[PDB]
Each structure stands twice: as structure tokens, then as C-alpha cells.
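Below: upload34.pdb (PDB, N, CA and C atoms)
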```
ATOM      1  N   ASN D   1     -47.630  55.438 -93.688
ATOM      2  CA  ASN D   1     -48.960  55.951 -93.998
ATOM      3  C   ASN D   1     -49.106  56.278 -95.481
ATOM      4  N   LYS D   2     -48.058  56.822 -96.103
ATOM      5  CA  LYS D   2     -48.097  57.054 -97.545
ATOM      6  C   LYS D   2     -48.362  55.760 -98.304
ATOM      7  N   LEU D   3     -47.572  54.722 -98.015
ATOM      8  CA  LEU D   3     -47.762  53.465 -98.731
ATOM      9  C   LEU D   3     -49.125  52.848 -98.427
ATOM     10  N   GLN D   4     -49.604  52.991 -97.190
ATOM     11  CA  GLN D   4     -50.910  52.447 -96.836
ATOM     12  C   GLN D   4     -52.010  53.136 -97.630
ATOM     13  N   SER D   5     -51.917  54.460 -97.772
ATOM     14  CA  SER D   5     -52.920  55.181 -98.545
ATOM     15  C   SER D   5     -52.891  54.739-100.000
ATOM     16  N   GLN D   6     -51.693  54.576-100.567
ATOM     17  CA  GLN D   6     -51.627  54.176-101.968
ATOM     18  C   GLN D   6     -52.264  52.805-102.164
ATOM     19  N   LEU D   7     -51.968  51.860-101.265
ATOM     20  CA  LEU D   7     -52.581  50.541-101.382
ATOM     21  C   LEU D   7     -54.094  50.637-101.272
ATOM     22  N   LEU D   8     -54.593  51.465-100.354
ATOM     23  CA  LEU D   8     -56.040  51.578-100.205
ATOM     24  C   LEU D   8     -56.673  52.110-101.483
ATOM     25  N   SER D   9     -56.042  53.104-102.106
ATOM     26  CA  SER D   9     -56.594  53.662-103.337
ATOM     27  C   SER D   9     -56.603  52.635-104.466
ATOM     28  N   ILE D  10     -55.519  51.871-104.614
ATOM     29  CA  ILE D  10     -55.389  50.955-105.751
ATOM     30  C   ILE D  10     -56.127  49.624-105.574
ATOM     31  N   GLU D  11     -56.390  49.206-104.331
ATOM     32  CA  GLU D  11     -56.820  47.834-104.082
ATOM     33  C   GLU D  11     -58.157  47.512-104.741
ATOM     34  N   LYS D  12     -59.110  48.445-104.710
ATOM     35  CA  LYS D  12     -60.452  48.124-105.194
ATOM     36  C   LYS D  12     -60.443  47.706-106.659
ATOM     37  N   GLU D  13     -59.479  48.195-107.435
ATOM     38  CA  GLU D  13     -59.384  47.860-108.849
ATOM     39  C   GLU D  13     -58.442  46.689-109.090
ATOM     40  N   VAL D  14     -57.262  46.697-108.466
ATOM     41  CA  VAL D  14     -56.388  45.558-108.708
ATOM     42  C   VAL D  14     -57.032  44.269-108.214
ATOM     43  N   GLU D  15     -58.040  44.365-107.336
ATOM     44  CA  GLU D  15     -58.795  43.180-106.943
ATOM     45  C   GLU D  15     -59.421  42.488-108.143
ATOM     46  N   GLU D  16     -59.860  43.258-109.135
ATOM     47  CA  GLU D  16     -60.426  42.691-110.350
ATOM     48  C   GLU D  16     -59.344  42.383-111.367
ATOM     49  N   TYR D  17     -58.361  43.275-111.487
ATOM     50  CA  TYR D  17     -57.326  43.073-112.496
ATOM     51  C   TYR D  17     -56.537  41.793-112.254
ATOM     52  N   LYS D  18     -56.321  41.414-110.992
ATOM     53  CA  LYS D  18     -55.499  40.241-110.714
ATOM     54  C   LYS D  18     -56.158  38.932-111.140
ATOM     55  N   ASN D  19     -57.476  38.916-111.341
ATOM     56  CA  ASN D  19     -58.196  37.713-111.742
ATOM     57  C   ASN D  19     -58.528  37.678-113.233
ATOM     58  N   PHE D  20     -57.890  38.520-114.041
ATOM     59  CA  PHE D  20     -58.263  38.627-115.445
ATOM     60  C   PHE D  20     -57.944  37.352-116.218
ATOM     61  N   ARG D  21     -58.886  36.948-117.077
ATOM     62  CA  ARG D  21     -58.679  35.891-118.058
ATOM     63  C   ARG D  21     -59.378  36.401-119.315
ATOM     64  N   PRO D  22     -58.706  36.422-120.470
ATOM     65  CA  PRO D  22     -59.367  36.962-121.671
ATOM     66  C   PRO D  22     -60.621  36.206-122.076
ATOM     67  N   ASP D  23     -60.674  34.893-121.850
ATOM     68  CA  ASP D  23     -61.842  34.088-122.210
ATOM     69  C   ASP D  23     -62.761  34.005-120.995
ATOM     70  N   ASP D  24     -63.521  35.078-120.779
ATOM     71  CA  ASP D  24     -64.382  35.195-119.603
ATOM     72  C   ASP D  24     -65.691  35.865-120.001
ATOM     73  N   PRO D  25     -66.671  35.086-120.463
ATOM     74  CA  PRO D  25     -67.975  35.678-120.806
ATOM     75  C   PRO D  25     -68.625  36.436-119.660
ATOM     76  N   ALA D  26     -68.395  36.019-118.414
ATOM     77  CA  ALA D  26     -69.019  36.701-117.285
ATOM     78  C   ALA D  26     -68.565  38.153-117.196
ATOM     79  N   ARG D  27     -67.273  38.406-117.414
ATOM     80  CA  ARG D  27     -66.786  39.781-117.395
ATOM     81  C   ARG D  27     -67.417  40.585-118.520
ATOM     82  N   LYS D  28     -67.451  40.012-119.721
ATOM     83  CA  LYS D  28     -67.988  40.727-120.871
ATOM     84  C   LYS D  28     -69.442  41.122-120.640
ATOM     85  N   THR D  29     -70.255  40.196-120.128
ATOM     86  CA  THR D  29     -71.658  40.518-119.875
ATOM     87  C   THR D  29     -71.843  41.498-118.720
ATOM     88  N   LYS D  30     -71.003  41.426-117.686
ATOM     89  CA  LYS D  30     -71.093  42.429-116.629
ATOM     90  C   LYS D  30     -70.721  43.810-117.153
ATOM     91  N   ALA D  31     -69.704  43.879-118.013
ATOM     92  CA  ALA D  31     -69.347  45.146-118.637
ATOM     93  C   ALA D  31     -70.484  45.653-119.508
ATOM     94  N   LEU D  32     -71.144  44.749-120.233
ATOM     95  CA  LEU D  32     -72.253  45.158-121.082
ATOM     96  C   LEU D  32     -73.359  45.789-120.248
ATOM     97  N   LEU D  33     -73.704  45.158-119.121
ATOM     98  CA  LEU D  33     -74.783  45.695-118.299
ATOM     99  C   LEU D  33     -74.374  47.002-117.633
ATOM    100  N   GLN D  34     -73.077  47.176-117.362
ATOM    101  CA  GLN D  34     -72.631  48.414-116.730
ATOM    102  C   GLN D  34     -72.658  49.560-117.726
ATOM    103  N   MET D  35     -72.221  49.298-118.957
ATOM    104  CA  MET D  35     -72.244  50.330-119.983
ATOM    105  C   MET D  35     -73.674  50.737-120.302
ATOM    106  N   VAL D  36     -74.583  49.763-120.407
ATOM    107  CA  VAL D  36     -75.964  50.102-120.736
ATOM    108  C   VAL D  36     -76.613  50.904-119.612
ATOM    109  N   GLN D  37     -76.346  50.544-118.350
ATOM    110  CA  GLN D  37     -76.930  51.320-117.260
ATOM    111  C   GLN D  37     -76.338  52.722-117.187
ATOM    112  N   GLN D  38     -75.045  52.865-117.496
ATOM    113  CA  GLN D  38     -74.447  54.195-117.516
ATOM    114  C   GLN D  38     -75.056  55.043-118.618
ATOM    115  N   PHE D  39     -75.220  54.470-119.813
ATOM    116  CA  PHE D  39     -75.791  55.238-120.910
ATOM    117  C   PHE D  39     -77.207  55.680-120.581
ATOM    118  N   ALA D  40     -78.024  54.777-120.031
ATOM    119  CA  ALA D  40     -79.412  55.138-119.769
ATOM    120  C   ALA D  40     -79.525  56.164-118.646
ATOM    121  N   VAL D  41     -78.549  56.193-117.736
ATOM    122  CA  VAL D  41     -78.597  57.198-116.679
ATOM    123  C   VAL D  41     -78.122  58.545-117.202
ATOM    124  N   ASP D  42     -77.072  58.560-118.022
ATOM    125  CA  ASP D  42     -76.620  59.825-118.589
ATOM    126  C   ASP D  42     -77.691  60.416-119.500
ATOM    127  N   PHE D  43     -78.332  59.574-120.315
ATOM    128  CA  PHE D  43     -79.363  60.065-121.220
ATOM    129  C   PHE D  43     -80.518  60.670-120.432
ATOM    130  N   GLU D  44     -81.018  59.945-119.422
ATOM    131  CA  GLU D  44     -82.110  60.515-118.646
ATOM    132  C   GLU D  44     -81.658  61.785-117.946
ATOM    133  N   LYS D  45     -80.378  61.864-117.566
ATOM    134  CA  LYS D  45     -79.894  63.054-116.881
ATOM    135  C   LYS D  45     -79.964  64.260-117.797
ATOM    136  N   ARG D  46     -79.552  64.080-119.051
ATOM    137  CA  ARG D  46     -79.499  65.209-119.971
ATOM    138  C   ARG D  46     -80.885  65.625-120.438
ATOM    139  N   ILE D  47     -81.815  64.677-120.582
ATOM    140  CA  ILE D  47     -83.144  65.009-121.091
ATOM    141  C   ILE D  47     -84.099  65.401-119.969
ATOM    142  N   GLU D  48     -84.345  64.493-119.027
ATOM    143  CA  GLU D  48     -85.339  64.764-117.994
ATOM    144  C   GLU D  48     -84.831  65.734-116.938
ATOM    145  N   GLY D  49     -83.519  65.783-116.716
ATOM    146  CA  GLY D  49     -82.966  66.509-115.592
ATOM    147  C   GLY D  49     -82.942  65.729-114.299
ATOM    148  N   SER D  50     -83.211  64.428-114.351
ATOM    149  CA  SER D  50     -83.226  63.583-113.169
ATOM    150  C   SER D  50     -81.805  63.288-112.709
TER     151      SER D  50
ATOM    152  N   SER E   1     -73.170  47.634-108.495
ATOM    153  CA  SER E   1     -71.834  47.238-108.929
ATOM    154  C   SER E   1     -71.439  45.793-108.636
ATOM    155  N   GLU E   2     -71.967  45.154-107.586
ATOM    156  CA  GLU E   2     -71.496  43.837-107.167
ATOM    157  C   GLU E   2     -72.517  42.711-107.291
ATOM    158  N   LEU E   3     -73.801  43.028-107.448
ATOM    159  CA  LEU E   3     -74.840  42.007-107.375
ATOM    160  C   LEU E   3     -74.666  40.943-108.452
ATOM    161  N   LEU E   4     -74.408  41.350-109.697
ATOM    162  CA  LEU E   4     -74.305  40.343-110.746
ATOM    163  C   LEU E   4     -73.082  39.461-110.543
ATOM    164  N   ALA E   5     -72.000  40.024-110.002
ATOM    165  CA  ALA E   5     -70.816  39.215-109.750
ATOM    166  C   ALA E   5     -71.106  38.188-108.670
ATOM    167  N   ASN E   6     -71.877  38.584-107.656
ATOM    168  CA  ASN E   6     -72.242  37.613-106.635
ATOM    169  C   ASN E   6     -73.102  36.514-107.241
ATOM    170  N   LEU E   7     -74.083  36.888-108.068
ATOM    171  CA  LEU E   7     -74.963  35.873-108.641
ATOM    172  C   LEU E   7     -74.168  34.891-109.491
ATOM    173  N   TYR E   8     -73.153  35.382-110.208
ATOM    174  CA  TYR E   8     -72.244  34.479-110.907
ATOM    175  C   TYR E   8     -71.338  33.716-109.958
ATOM    176  N   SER E   9     -71.312  34.077-108.679
ATOM    177  CA  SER E   9     -70.456  33.399-107.715
ATOM    178  C   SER E   9     -71.164  32.240-107.017
ATOM    179  N   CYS E  10     -72.443  32.010-107.315
ATOM    180  CA  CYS E  10     -73.195  30.929-106.691
ATOM    181  C   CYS E  10     -72.628  29.564-107.079
ATOM    182  N   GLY E  11     -72.871  28.586-106.203
ATOM    183  CA  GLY E  11     -72.224  27.289-106.340
ATOM    184  C   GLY E  11     -72.590  26.536-107.607
ATOM    185  N   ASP E  12     -73.872  26.530-107.971
ATOM    186  CA  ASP E  12     -74.372  25.700-109.067
ATOM    187  C   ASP E  12     -74.991  26.593-110.132
ATOM    188  N   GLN E  13     -74.321  26.697-111.280
ATOM    189  CA  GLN E  13     -74.756  27.596-112.339
ATOM    190  C   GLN E  13     -75.618  26.928-113.403
ATOM    191  N   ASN E  14     -75.753  25.602-113.391
ATOM    192  CA  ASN E  14     -76.602  24.927-114.365
ATOM    193  C   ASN E  14     -78.046  24.787-113.906
ATOM    194  N   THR E  15     -78.334  25.071-112.638
ATOM    195  CA  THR E  15     -79.693  25.063-112.118
ATOM    196  C   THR E  15     -80.184  26.455-111.760
ATOM    197  N   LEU E  16     -79.350  27.477-111.924
ATOM    198  CA  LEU E  16     -79.810  28.844-111.749
ATOM    199  C   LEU E  16     -80.706  29.233-112.916
ATOM    200  N   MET E  17     -81.802  29.920-112.600
ATOM    201  CA  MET E  17     -82.795  30.325-113.595
ATOM    202  C   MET E  17     -83.439  29.117-114.270
ATOM    203  N   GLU E  18     -83.887  28.162-113.462
ATOM    204  CA  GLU E  18     -84.727  27.087-113.961
ATOM    205  C   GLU E  18     -86.188  27.466-113.761
ATOM    206  N   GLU E  19     -86.962  27.425-114.841
ATOM    207  CA  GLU E  19     -88.332  27.915-114.800
ATOM    208  C   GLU E  19     -89.217  26.996-113.966
ATOM    209  N   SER E  20     -90.182  27.598-113.279
ATOM    210  CA  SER E  20     -91.166  26.818-112.549
ATOM    211  C   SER E  20     -92.169  26.198-113.521
ATOM    212  N   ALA E  21     -92.967  25.260-113.005
ATOM    213  CA  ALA E  21     -93.982  24.615-113.833
ATOM    214  C   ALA E  21     -95.063  25.589-114.290
ATOM    215  N   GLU E  22     -95.394  26.590-113.471
ATOM    216  CA  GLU E  22     -96.463  27.509-113.850
ATOM    217  C   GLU E  22     -96.101  28.279-115.114
ATOM    218  N   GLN E  23     -94.843  28.714-115.225
ATOM    219  CA  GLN E  23     -94.399  29.366-116.451
ATOM    220  C   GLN E  23     -94.522  28.427-117.645
ATOM    221  N   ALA E  24     -94.384  27.120-117.411
ATOM    222  CA  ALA E  24     -94.501  26.151-118.494
ATOM    223  C   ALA E  24     -95.946  25.945-118.911
ATOM    224  N   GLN E  25     -96.879  26.091-117.974
ATOM    225  CA  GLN E  25     -98.292  26.001-118.325
ATOM    226  C   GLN E  25     -98.738  27.255-119.065
ATOM    227  N   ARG E  26     -98.281  28.416-118.593
ATOM    228  CA  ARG E  26     -98.651  29.674-119.225
ATOM    229  C   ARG E  26     -98.088  29.772-120.636
ATOM    230  N   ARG E  27     -96.927  29.164-120.892
ATOM    231  CA  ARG E  27     -96.382  29.201-122.246
ATOM    232  C   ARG E  27     -97.321  28.504-123.226
ATOM    233  N   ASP E  28     -97.849  27.345-122.827
ATOM    234  CA  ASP E  28     -98.709  26.577-123.716
ATOM    235  C   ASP E  28    -100.067  27.242-123.856
ATOM    236  N   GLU E  29    -100.566  27.844-122.776
ATOM    237  CA  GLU E  29    -101.842  28.542-122.876
ATOM    238  C   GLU E  29    -101.736  29.723-123.835
ATOM    239  N   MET E  30    -100.627  30.465-123.767
ATOM    240  CA  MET E  30    -100.472  31.625-124.639
ATOM    241  C   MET E  30    -100.331  31.202-126.096
ATOM    242  N   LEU E  31     -99.628  30.096-126.357
ATOM    243  CA  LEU E  31     -99.508  29.656-127.747
ATOM    244  C   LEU E  31    -100.837  29.130-128.283
ATOM    245  N   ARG E  32    -101.586  28.407-127.451
ATOM    246  CA  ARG E  32    -102.886  27.909-127.881
ATOM    247  C   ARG E  32    -103.825  29.060-128.226
ATOM    248  N   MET E  33    -103.855  30.095-127.381
ATOM    249  CA  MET E  33    -104.698  31.248-127.677
ATOM    250  C   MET E  33    -104.230  31.968-128.935
ATOM    251  N   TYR E  34    -102.925  31.943-129.201
ATOM    252  CA  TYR E  34    -102.395  32.628-130.372
ATOM    253  C   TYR E  34    -102.860  31.944-131.653
ATOM    254  N   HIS E  35    -102.743  30.616-131.704
ATOM    255  CA  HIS E  35    -103.191  29.912-132.902
ATOM    256  C   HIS E  35    -104.706  29.979-133.058
ATOM    257  N   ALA E  36    -105.449  30.002-131.949
ATOM    258  CA  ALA E  36    -106.900  30.093-132.069
ATOM    259  C   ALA E  36    -107.308  31.431-132.669
ATOM    260  N   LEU E  37    -106.691  32.521-132.203
ATOM    261  CA  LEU E  37    -107.049  33.826-132.741
ATOM    262  C   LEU E  37    -106.657  33.936-134.207
ATOM    263  N   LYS E  38    -105.518  33.348-134.589
ATOM    264  CA  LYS E  38    -105.145  33.398-135.998
ATOM    265  C   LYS E  38    -106.173  32.681-136.860
ATOM    266  N   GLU E  39    -106.599  31.487-136.442
ATOM    267  CA  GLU E  39    -107.544  30.742-137.269
ATOM    268  C   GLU E  39    -108.885  31.463-137.369
ATOM    269  N   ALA E  40    -109.328  32.090-136.275
ATOM    270  CA  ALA E  40    -110.573  32.851-136.335
ATOM    271  C   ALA E  40    -110.471  34.018-137.309
ATOM    272  N   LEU E  41    -109.334  34.721-137.317
ATOM    273  CA  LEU E  41    -109.212  35.833-138.256
ATOM    274  C   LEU E  41    -109.105  35.345-139.694
ATOM    275  N   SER E  42    -108.483  34.187-139.916
ATOM    276  CA  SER E  42    -108.434  33.654-141.273
ATOM    277  C   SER E  42    -109.834  33.323-141.767
ATOM    278  N   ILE E  43    -110.666  32.751-140.898
ATOM    279  CA  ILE E  43    -112.007  32.393-141.340
ATOM    280  C   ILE E  43    -112.828  33.647-141.621
ATOM    281  N   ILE E  44    -112.769  34.649-140.736
ATOM    282  CA  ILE E  44    -113.499  35.879-141.046
ATOM    283  C   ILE E  44    -113.022  36.457-142.374
ATOM    284  N   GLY E  45    -111.733  36.281-142.689
ATOM    285  CA  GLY E  45    -111.233  36.733-143.976
ATOM    286  C   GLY E  45    -111.877  35.989-145.126
ATOM    287  N   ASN E  46    -112.054  34.677-144.966
ATOM    288  CA  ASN E  46    -112.649  33.897-146.046
ATOM    289  C   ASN E  46    -114.111  34.275-146.225
ATOM    290  N   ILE E  47    -114.808  34.534-145.119
ATOM    291  CA  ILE E  47    -116.227  34.868-145.205
ATOM    292  C   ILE E  47    -116.415  36.182-145.947
ATOM    293  N   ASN E  48    -115.718  37.237-145.511
ATOM    294  CA  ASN E  48    -115.888  38.522-146.186
ATOM    295  C   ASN E  48    -115.401  38.470-147.629
ATOM    296  N   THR E  49    -114.252  37.838-147.876
ATOM    297  CA  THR E  49    -113.725  37.795-149.237
ATOM    298  C   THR E  49    -114.685  37.086-150.185
ATOM    299  N   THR E  50    -115.297  35.995-149.738
ATOM    300  CA  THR E  50    -116.230  35.242-150.570
ATOM    301  C   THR E  50    -115.548  34.788-151.854
TER     302      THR E  50
END
```
I'd like the structure from this file rewritten - as C-alpha cells, please.
Amino acid sequence: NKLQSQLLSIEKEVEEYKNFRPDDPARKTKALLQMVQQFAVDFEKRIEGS
Amino acid sequence: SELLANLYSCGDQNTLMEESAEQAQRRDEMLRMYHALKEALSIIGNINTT
């Protein structure tokens, strides 16, 4: 059960890490859209209180 | 978190986001109206300037 829990915790991320290729525009653009959405949500959170 | 990765997972990526014909008609209509308005303002400029 210990090992099963550890695998469950790690799997969601190593699922992406195992497919890494440095020359991957798709990853770069997905990261760009994730960073921009995070920034716009944090900003609205601090200003509007939403 | 997953939608853009799925969209990049589609079978044919060279035909994704191909514009319809209506967008192609609207592009030409908007440019035609743009040049028409510019020429009208140039002429009003010539009339007032004399």
C-alpha cells in the first residue's frame, strides 16, 4: 500500500515527464497559455477579490 | 489543463483551423470599406484645405 500510494502521487506528473523532448513547440505554447491564465487569475484575485 | 493537449492530439494538424468561406468574404468586405473611408477622408481634407 505504501508503494501504491507513492506511485499514485507521482504518476500524474511522470506521465508528462516521460514524453519530454526539448524541441517541442507544443509544450512551450501550452506552458505559455498556462502561465498567462495563472497570472490573470492571481491578478484578478488580488484586485477584484474574485 | 487538458483541452489544448487533446486538440494537439488530433489526427490531422494541417487542416485544423482552416477558415470558412464566409470569413474570406468578410475579410475583403472589411478591407474594401477601409480603403473607401480613407479616400473619402482624404478628399474632405483636400476640400477644406483648398
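Here atom CA of residue 2 of chain E and atom CA of residue 33 of chain D stand 11.8 Å from one another.
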Got a sec to pull out which chain E residues are within 12 Å of chain D, counting only C-alpha atoms, and send them as a CSV table (one decimal) with N, CA and C atoms, keeping the file's coordinate frame?
```csv
chain,number,residue,atom,x,y,z
E,1,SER,N,-73.2,47.6,-108.5
E,1,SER,CA,-71.8,47.2,-108.9
E,1,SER,C,-71.4,45.8,-108.6
E,2,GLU,N,-72.0,45.2,-107.6
E,2,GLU,CA,-71.5,43.8,-107.2
E,2,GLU,C,-72.5,42.7,-107.3
E,3,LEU,N,-73.8,43.0,-107.4
E,3,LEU,CA,-74.8,42.0,-107.4
E,3,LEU,C,-74.7,40.9,-108.5
E,4,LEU,N,-74.4,41.4,-109.7
E,4,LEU,CA,-74.3,40.3,-110.7
E,4,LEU,C,-73.1,39.5,-110.5
E,5,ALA,N,-72.0,40.0,-110.0
E,5,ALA,CA,-70.8,39.2,-109.8
E,5,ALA,C,-71.1,38.2,-108.7
E,6,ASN,N,-71.9,38.6,-107.7
E,6,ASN,CA,-72.2,37.6,-106.6
E,6,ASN,C,-73.1,36.5,-107.2
E,7,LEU,N,-74.1,36.9,-108.1
E,7,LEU,CA,-75.0,35.9,-108.6
E,7,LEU,C,-74.2,34.9,-109.5
E,8,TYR,N,-73.2,35.4,-110.2
E,8,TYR,CA,-72.2,34.5,-110.9
E,8,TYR,C,-71.3,33.7,-110.0
E,9,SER,N,-71.3,34.1,-108.7
E,9,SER,CA,-70.5,33.4,-107.7
E,9,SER,C,-71.2,32.2,-107.0
E,13,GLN,N,-74.3,26.7,-111.3
E,13,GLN,CA,-74.8,27.6,-112.3
E,13,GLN,C,-75.6,26.9,-113.4
```
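Going from atom CA of residue 16 of chain E over to atom C of residue 25 of chain D, you cover 15.7 Å.
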Here atom CA of residue 46 of chain D and atom N of residue 28 of chain D stand apart by 27.9 Å
- request: Please return as JSON, numbers by chain: the residues of chain D that backbone DSSP assigns to helix (DSSP H, G or I).
  value: {"D": [2, 3, 4, 5, 6, 7, 8, 9, 10, 11, 12, 13, 14, 15, 16, 17, 25, 26, 27, 28, 29, 30, 31, 32, 33, 34, 35, 36, 37, 38, 39, 40, 41, 42, 43, 44, 45, 46, 47, 48]}
